[PDB]
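See structure below.
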There are 2 protein chains.
Amino acid sequence: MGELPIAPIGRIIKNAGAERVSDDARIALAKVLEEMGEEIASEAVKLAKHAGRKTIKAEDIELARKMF
Amino acid sequence: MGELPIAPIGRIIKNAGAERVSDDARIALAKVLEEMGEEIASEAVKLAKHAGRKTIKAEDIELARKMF
Ligand SMILES: [Cl-]
Ligand SMILES: [Cl-]
């Protein structure tokens, strides 16, 4: 948790069509995306270990995302 | 799209327990999180306009996340 920088998150909300954005909404969306990222990456670690690898690959992320 | 920097995404996957991460998995998870962020923020813009505001607030992000 707390990995994403806040300035890029406000650009996500502006690019989605917001006129103005509070810094409290940037912190809220960063928390949602870091939680979703942790859930998908923990499934991807298990998929890589099931495949016999130590490296997480794109295919592990794509398959993990389909579990959600 | 393309708002999130790639280095913080690799920290999400390492913090979730990966030993090693390919730069192709960092690009893949960034794409997933930017898509989810756009969907949640577009719903939050509609909630703010329904409330009569031009500013997106934390409560708009939290309510939008419950629609997913
Ligand atoms: Cl490996
Ligand atoms: Cl306002």
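A note on labels: chains of the structure tokens are A, B, ... as shown, every chain counts residues from 1, and ligands are counted from 1 in their shown order.
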
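Residues with any atom within 12 Å of residue 66 in chain A, counting only C-alpha atoms and excluding same-chain neighbours fewer than 2 positions away, are residues 39, 40, 43, 44, 59, 60, 61, 62, 63, 64 and 68 of chain A; 32 of chain B.
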
Counting only C-alpha atoms, chain B residues within 6 Å of chain A, as a PyMOL selection string: chain B and resi 3-4+8+13+16+18+20-22+24-25+28+38+41-42+45+55-58

Which of range 3-66 of chain A fall in helix (DSSP H, G or I), as a count of residues only: 47

After a least-squares superposition on chain B using every in-order C-alpha pair, I'd like chain A written out as a CSV table (one decimal) with C-alpha atoms, in the first residue's frame.
chain,number,residue,atom,x,y,z
A,1,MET,CA,-4.9,6.1,-20.3
A,2,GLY,CA,-1.1,6.1,-19.8
A,3,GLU,CA,-1.2,8.2,-16.7
A,4,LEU,CA,0.5,5.9,-14.2
A,5,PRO,CA,4.3,5.7,-14.1
A,6,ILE,CA,5.6,2.2,-14.4
A,7,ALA,CA,8.2,2.1,-11.5
A,8,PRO,CA,5.5,2.3,-8.7
A,9,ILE,CA,3.6,-0.5,-10.3
A,10,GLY,CA,6.5,-2.9,-10.0
A,11,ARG,CA,6.6,-1.9,-6.3
A,12,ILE,CA,2.9,-3.0,-6.0
A,13,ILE,CA,3.9,-6.5,-7.4
A,14,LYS,CA,7.0,-6.8,-5.2
A,15,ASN,CA,5.1,-5.7,-2.1
A,16,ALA,CA,2.5,-8.4,-2.9
A,17,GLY,CA,5.3,-11.0,-2.6
A,18,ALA,CA,7.0,-11.4,-6.0
A,19,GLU,CA,10.7,-12.2,-6.0
A,20,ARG,CA,11.4,-10.8,-9.4
A,21,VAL,CA,9.1,-8.9,-11.9
A,22,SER,CA,9.4,-8.5,-15.7
A,23,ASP,CA,9.0,-5.0,-17.1
A,24,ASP,CA,6.2,-6.6,-19.3
A,25,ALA,CA,4.2,-7.5,-16.1
A,26,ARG,CA,4.6,-3.8,-14.8
A,27,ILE,CA,3.1,-2.5,-18.1
A,28,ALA,CA,0.3,-5.1,-18.0
A,29,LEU,CA,-0.8,-4.2,-14.4
A,30,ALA,CA,-0.6,-0.4,-15.2
A,31,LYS,CA,-3.0,-0.9,-18.1
A,32,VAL,CA,-5.5,-2.8,-15.8
A,33,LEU,CA,-5.4,-0.1,-13.1
A,34,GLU,CA,-5.7,2.8,-15.6
A,35,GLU,CA,-8.8,1.1,-17.1
A,36,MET,CA,-10.4,0.5,-13.6
A,37,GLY,CA,-9.5,4.1,-12.6
A,38,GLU,CA,-11.2,5.5,-15.8
A,39,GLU,CA,-14.4,3.5,-15.2
A,40,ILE,CA,-14.6,4.6,-11.5
A,41,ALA,CA,-13.8,8.2,-12.3
A,42,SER,CA,-16.3,8.5,-15.1
A,43,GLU,CA,-19.1,7.3,-12.7
A,44,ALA,CA,-17.8,9.8,-10.1
A,45,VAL,CA,-18.1,12.7,-12.6
A,46,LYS,CA,-21.8,11.8,-13.1
A,47,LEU,CA,-22.4,11.7,-9.4
A,48,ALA,CA,-20.8,15.1,-8.9
A,49,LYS,CA,-23.0,16.6,-11.6
A,50,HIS,CA,-26.1,15.0,-10.1
A,51,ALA,CA,-25.2,16.7,-6.8
A,52,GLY,CA,-24.9,20.1,-8.5
A,53,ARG,CA,-21.1,20.4,-8.1
A,54,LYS,CA,-18.1,20.9,-10.5
A,55,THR,CA,-15.6,19.4,-8.1
A,56,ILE,CA,-15.2,15.6,-7.7
A,57,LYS,CA,-14.9,14.7,-4.0
A,58,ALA,CA,-13.9,11.7,-2.0
A,59,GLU,CA,-17.5,10.7,-1.5
A,60,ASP,CA,-18.1,10.5,-5.3
A,61,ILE,CA,-15.1,8.1,-5.6
A,62,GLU,CA,-16.3,5.9,-2.7
A,63,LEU,CA,-19.9,5.7,-4.1
A,64,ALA,CA,-18.7,5.0,-7.6
A,65,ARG,CA,-16.5,2.1,-6.4
A,66,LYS,CA,-19.5,0.4,-5.0
A,67,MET,CA,-21.1,0.2,-8.5
A,68,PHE,CA,-18.3,-2.1,-9.5

If DSSP is run on the backbone, what residues of chain A are strand (DSSP E or B)? A reply as a PDB file with N, CA, C and O atoms, in the first residue's frame would be ideal.
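Written file, states11.pdb:
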ATOM      1  N   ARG A  20     -12.856  19.872 -12.091  1.00  0.00           N
ATOM      2  CA  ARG A  20     -12.005  20.157 -10.972  1.00  0.00           C
ATOM      3  C   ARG A  20     -11.984  18.925 -10.068  1.00  0.00           C
ATOM      4  O   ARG A  20     -12.994  18.179 -10.006  1.00  0.00           O
ATOM      5  N   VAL A  21     -10.902  18.679  -9.347  1.00  0.00           N
ATOM      6  CA  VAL A  21     -10.721  17.492  -8.507  1.00  0.00           C
ATOM      7  C   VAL A  21     -10.192  17.866  -7.138  1.00  0.00           C
ATOM      8  O   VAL A  21      -9.141  18.648  -7.184  1.00  0.00           O
ATOM      9  N   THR A  55       9.833 -15.445 -11.621  1.00  0.00           N
ATOM     10  CA  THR A  55       9.567 -14.111 -12.235  1.00  0.00           C
ATOM     11  C   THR A  55       8.090 -14.014 -12.592  1.00  0.00           C
ATOM     12  O   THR A  55       7.589 -14.898 -13.285  1.00  0.00           O
ATOM     13  N   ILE A  56       7.524 -12.878 -12.160  1.00  0.00           N
ATOM     14  CA  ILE A  56       6.105 -12.653 -12.582  1.00  0.00           C
ATOM     15  C   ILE A  56       6.117 -12.016 -13.969  1.00  0.00           C
ATOM     16  O   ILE A  56       6.904 -11.086 -14.264  1.00  0.00           O
TER      17      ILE A  56
END
